[PDB]
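Residue numbers (UniProt numbering), protein chains in the order written: chain A, 31 to 36; chain B, 30 to 35; chain C, 72 to 496.
Structure record follows, encoded as structure tokens.
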């Protein structure tokens with residue numbers, strides 16, 4: 031899976 | 030075998 | 072300042088030969104790509120900005136632009152497979168691997184994050200990241216006497232990226248890579264942070280999802296007791312991957328299943344088989360079904376832990392998929408169990424719920440239940456108590472269900488019901 035940095 | 034993998 | 076820029080302005084700034092204007096435009100791009108709703112990733116890609124960000128990754132003399140471009144590329148790589156592919160095609164993998172050794176902790180963290188996204192895309196990019204040599208610097212980042220000295224978020228990102236390097240099959244990760252990573256994974260499995268533990272358990276569950284040789288690679292490291300301990304944890308994000316890994320392990324040889332049993336796993340299943348989370352119950356019942364497919368002493372250890380009543384309870388009332396896993400567990404039990412174990416199973420009240428489940432529309436559960444009934448009848452014949460079992464099945468309304476199944480579309484169910492009725496009813 032993937033993670034976006036907010 | 031009766032074993033069942035996912 | 073650098074808030075709410077247009078892609079036009081970002082391009083104008085990045086195309087200037089002014090490194091400070093480029094830095095401000097790159098930060099504006101980062102902020103645009105970090106917005107909660109609808110990040111314009113495709114617009115940024117069409118503008119041709121990925122090569123410029125990748126080139127900025129290499130400006131050792133300007134760490135701020137390195138960080139901003141790494142963040143922007145991380146956010147681009149977090150999207151669809153096409154956008155991650157665009158990032159990779161820009162040459163970002165070796166640049167991020169080089170940044171892994173940056174003296175600035177936040178830049179190294181961002182490189183870890185970006186590599187994690189890229190590897191998480193799939194098997195191809197996972198193995199490509201491995202071929203570029205990321206595992207060695209990644210693990211060197213964790214080469215400390217005590218993991219508690221590292222920043223929490225940093226350690227969490229490292230663990231998550233390592234989990235993505237263990238993820239995905241067809242093909243599974245390279246065996247040499249798995250062996251290179253497993254020691255650090257064990258150490259992280261003994262860490263105290265809940266998120267680190269969850270991601271380590273997920274990594275172990277990925278690694279144990281395969282042939283017996285992969286499971287053996289994992290269990291040789293001696294992680295099963297720690298996996299059981301975590302199976303007893305209170306945080307569901309930890310129990311879920313730990314239970315996943317334990318089930319995967321019990322899908323292997325009888326010796327690996329026995330390693331799971333010797334660690335005390337069965338004592339946790341009273342709670343897992345009654346857990347409020349439906350997924351936990353389903354996974355636990357599937358794990359039980361694979362454990363009842365083992366040797367007779369392992370079925371006996373299932374009996375001694377008082378888990379047969381819990382299987383009866385799950386069969387009587389639970390989500391349908393959990394009930395199907397319980398039916399599989401009962402059928403494996405009856406196929407491999409002794410006559411004493413089968414009559415004990417009957418004494419616990421399996422007949423009535425096993426029969427009530429014959430009203431299901433799923434044909435496979437009907438086949439499983441009919442096989443279990445035939446095995447129980449064979450045991451009864453070995454004891455000469457077949458008439459008692461027949462009247463027991465008749466009293467709960469089972470004979471009617473079996474007779475109705477005689478007129479079933481599937482041929483196997485047809486034949487099984489006919490045989491049961493003609494041989495015992």
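Here a beta-carbon is modelled for each residue, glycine too, at the ideal position from N, C-alpha and C.
**Report entry** Beta-carbon gap between residue 401 of chain C and residue 425 of chain C smaller than 8 Å
**Finding:** yes
Query raised in the report: What's the C-alpha gap between residue 271 of chain C and residue 461 of chain C?
Result: 51 Å
Query raised in the report: Does residue 234 of chain C have its Cβ less than 8 Å from a Cβ in chain B?
Result: no
**Report entry** Distance, residue 168 of chain C Cα to residue 324 of chain C Cα
**Finding:** 39 Å
Query raised in the report: Listed from N- to C-terminal order along the chain, which residues in the region 406-420 of chain C have their beta-carbon within a distance smaller than 9 Å of any beta-carbon of chain B?
Result: 406, 407
**Report entry** Beta carbon proximity, residue 368 of chain C to chain F, threshold 8 Å
**Finding:** The question asks about chain F, but that chain is absent: this structure's protein chains are A, B and C.
Report task. Between the Cα of residue 279 of chain C and those of C/328, C/444, C/126, C/263, spot the shortest distance and give me the residue it belongs to. Result -> Nearest option by C-alpha distance: C/328.
Query raised in the report: Does the beta carbon of residue 273 of chain C sit closer than 8 Å to a beta carbon anywhere in chain B?
Result: no
Report task. Return helix, strand or coil for residue 392 of chain C, following the three-state DSSP convention. Result -> helix
Query - Separation of residue 362 of chain C from residue 222 of chain C, as counted between CA atoms - result: 40 Å
Requested in this report: Would you check if the distance between the CB atom of residue 343 of chain C and the CB atom of residue 298 of chain C is smaller than 8 Å?
Outcome: no
Requested in this report: In angstroms with no decimal places, state the Cα-to-Cα distance between residue 170 of chain C and residue 136 of chain C.
Outcome: 12 Å
Report task. Measure how close the beta-carbons of residue 164 of chain C and residue 200 of chain C come, nearest whole angstrom, since I'm counting them as under 8 Å. Result -> In this structure residue 164 of chain C is in contact with residue 200 of chain C, their Cβ atoms being roughly 6 Å apart against a cut-off of 8 Å.
Query raised in the report: At least one CB of chain B closer than 8 Å to the CB of residue 364 of chain C: is that the case?
Result: yes
Query - Whole runs of the alpha helix (DSSP H) within the UniProt repeat "ARM 6" (283-322) of chain C, excluding any shorter than 4 residues - result: 283-291, 295-302, 307-321
Query raised in the report: Which same chain residues, not among the five before or five after residue 416 of chain C, have their C-beta less than 8 Å away from its C-beta?
Result: Taken in chain order, the residues that qualify are 379, 401, 404, 405, 408, 447.
Query - residue 496 of chain C classed as buried or exposed, judged by whether at least 16 other C-beta atoms fall within 10 angstroms - result: exposed
Requested in this report: Look at residue 144 of chain C and residue 158 of chain C and say whether their C-beta atoms are less than 8 Å apart.
Outcome: yes
Query raised in the report: Considering residue 264 of chain C, what are the terminal residues of the alpha helix (DSSP H) in which it resides?
Result: No alpha helix (DSSP H) holds residue 264 of chain C; DSSP gives it neither H nor E.
Query - Three-state secondary structure assigned by DSSP to residue 177 of chain C - result: helix
Query - Boundaries of the alpha helix (DSSP H) in which residue 217 of chain C is found, first to last residue - result: Per DSSP, residue 217 of chain C belongs to no alpha helix (DSSP H) and is neither H nor E.
Query raised in the report: Does the beta carbon of residue 145 of chain C sit closer than 8 Å to a beta carbon anywhere in chain A?
Result: Put simply, the CB of residue 145 of chain C is near chain A, with a gap under 8 Å to one of its CB atoms.
Query raised in the report: For the 8 Å Cβ check, are there 3 or more pairs between the region 351-358 of chain C and the region 332-343 of chain C?
Result: yes
**Report entry** Partner residues on chain B for residue 403 of chain C, Cβ-Cβ distance less than 8 Å
**Finding:** 31
Requested in this report: Compare the C-alpha of residue 161 of chain C against each of C/490, C/480, C/141 and name the closest.
Outcome: Comparing Cα-Cα distances from residue 161 of chain C to each of C/490, C/480, C/141, the minimum goes to C/141.
Query raised in the report: What separation, rounded to the nearest whole angstrom, lies between the Cα atoms of residue 427 of chain C and residue 414 of chain C?
Result: Spanning the two alpha carbons is a distance of roughly 19 Å.
Query raised in the report: Taking Cβ positions, are residue 302 of chain C and residue 320 of chain C nearer each other than 8 Å?
Result: no
Requested in this report: Can you pull the chain A residues whose beta carbon is under 7 Å from the beta carbon of residue 35 of chain C, in chain order?
Outcome: With chain C covering 72 to 496 only, the question about residue 35 of chain C has no answer from this structure.
**Report entry** Cβ contact (3+ pairs, closer than 8 Å) linking the region 235-244 of chain C and the region 184-200 of chain C
**Finding:** Verdict: yes, contact present.
Query raised in the report: For residue 188 of chain C, which residues of its own chain have a beta-carbon under 7 Å away from its beta-carbon, when the five flanking residues on both sides are left out?
Result: For residue 188 of chain C, where only same-chain residues beyond five positions count, the Cβ hits under 7 Å are 145, 148, 149, 155.
Query - Nonlocal neighbours in the same chain, by C-beta distance under 6 Å from residue 281 of chain C, ignoring five residues either side - result: 243
Query raised in the report: How many angstroms separate the CA atom of residue 252 of chain C from the CA atom of residue 110 of chain C?
Result: 34 Å
Requested in this report: Measuring alpha carbon to alpha carbon, tell me which of C/84, C/102, C/88, C/83 ends up nearest residue 4 of chain A.
Outcome: Given that chain A is displayed from residue 31 to residue 36, the structure contains no residue 4 of chain A and the question cannot be resolved.
Requested in this report: For residue 76 of chain C, go through chain B and note every residue whose CB falls closer than 9 Å to its CB, in chain order.
Outcome: Those do not exist, as residue 76 of chain C stays about 47 Å from chain B at its closest Cβ, beyond 9 Å.
**Report entry** Boundaries (first-last residue) of the alpha helix (DSSP H) holding residue 75 of chain C
**Finding:** Going by DSSP, residue 75 of chain C is part of no alpha helix (DSSP H) at all; its letter is neither H nor E.
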